[PDB]
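Presented below, as structure tokens, is a lone chain in the form deposited without the partner chain.
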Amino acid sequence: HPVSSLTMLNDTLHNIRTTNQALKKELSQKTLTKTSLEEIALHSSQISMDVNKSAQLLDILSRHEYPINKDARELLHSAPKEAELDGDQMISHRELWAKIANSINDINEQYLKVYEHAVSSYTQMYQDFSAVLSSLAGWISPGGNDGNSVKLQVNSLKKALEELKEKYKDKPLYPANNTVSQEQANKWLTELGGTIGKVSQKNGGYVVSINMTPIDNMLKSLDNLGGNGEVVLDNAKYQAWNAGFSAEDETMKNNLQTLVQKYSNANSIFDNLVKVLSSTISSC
């Protein structure tokens, strides 16, 4: 009976915790590697399997209106504010078990998933830009005299750069696979910075897509360079350009970290949730 559900939910909750903790250590990392990413994808899907597994049990406890003592209820006060759980309020056990389940799904869907996408999306792109950098090394050679003059495969770099922007031109950061009101779309953008993404409309609604300004500025700088598809610039001119180029790179490098942050934070709140949720369950 619902008493087994009570114990199965604790197992599932402990599991969610195990996965979460494994995910955090991953995000505390320097380089969102192609591996560190699918690493997350698998960890998220797993967390999603348990949440649903939980939702199923939590639902049983609700229908059977399994009581939640005052003490166990008081424990809810320690859960995250975002969770939206009351340490009492003396409401139906049915509604409590329901709100709890809603909290697990809400956080996981509105926080974890929401950021696991923006983080993944941006990561993937910058990972494609880093591939260009690697190529940039074989695109520079000594030109002229030479005495520090540099030959740059303008076209080659321009071509690569215009393929990247293309690949991520319309890629969205939020929502992962849906639309929203331009008003609520402008909201999310203003909540994670504003420079990171750009509000746009596909159709059926609006979405916050990746801001390709850094790449545009990069192309504008290369266009200004001169004749194609090979240009030679003295040291002063090269460095000056590299400075600009390198700048743009860091702009993305930064935004990338910002996202990685909002994601880790979401992991924290979720973790705090399961931690007190588990204590609550136990106290039953």
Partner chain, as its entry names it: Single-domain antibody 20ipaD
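Residue numbers count along the first chain shown, from 1. In this text, rigid core is short for the largest set of C-alphas that superpose within 1.5 Å between two forms.
Keep in mind that the form solved in complex with the partner chain is missing from the display, and what follows is about it.
*Determine whether any heavy atom of residue 131 comes within 4.5 Å of a heavy atom of the partner chain in the bound PDB entry, and answer yes or no.*
Contact check for residue 131: yes, within 4.5 Å of the partner chain in the bound PDB entry.
Wondering, does residue 164 line up within 4.5 Å of the partner chain in the bound PDB entry on heavy atoms?
Yes - in the bound PDB entry, heavy atoms of residue 164 and the partner chain come within 4.5 Å of each other.
- Taking heavy atoms only, is residue 72 within 4.5 angstroms of the partner chain in the bound PDB entry? So residue 72 does not count as contacting the partner chain.
Quiz item: Should residue 160 be classed as touching the partner chain in the bound PDB entry when contacts are defined as heavy atoms within 4.5 Å?
Solution: Residue 160 belongs to the contact set for the partner chain.
Do any residues of 168-187 have a non-hydrogen atom within 4.5 angstroms of the partner chain in the bound PDB entry? If so, which ones, in sequence order?
Just 171.
Which residue, 213, 130, 178, 124, is displaced 2 Å or more at the Cα between the shown form and the other one after superposing the core? Only 178 moves by 2 Å or more at its C-alpha.
Practice item. Superpose on the rigid core, then tell me if the C-alpha of residue 155 is displaced by 2 angstroms or more between the shown form and the other one. Key: No, the C-alpha position differs by under 2 Å between the shown form and the other one.
Displaced residue check between the shown form and the other one: residue 238, CA, 2 Å or over, core reference | No; residue 238 is a residue whose C-alpha shifts by less than 2 Å between the shown form and the other one when the cores are overlaid.
| After the core is overlaid between the shown form and the other one, has the C-alpha of residue 167 moved by 2 angstroms or more? | It does not, since the residue 167 C-alpha is displaced less than 2 Å between the shown form and the other one after the core fit.
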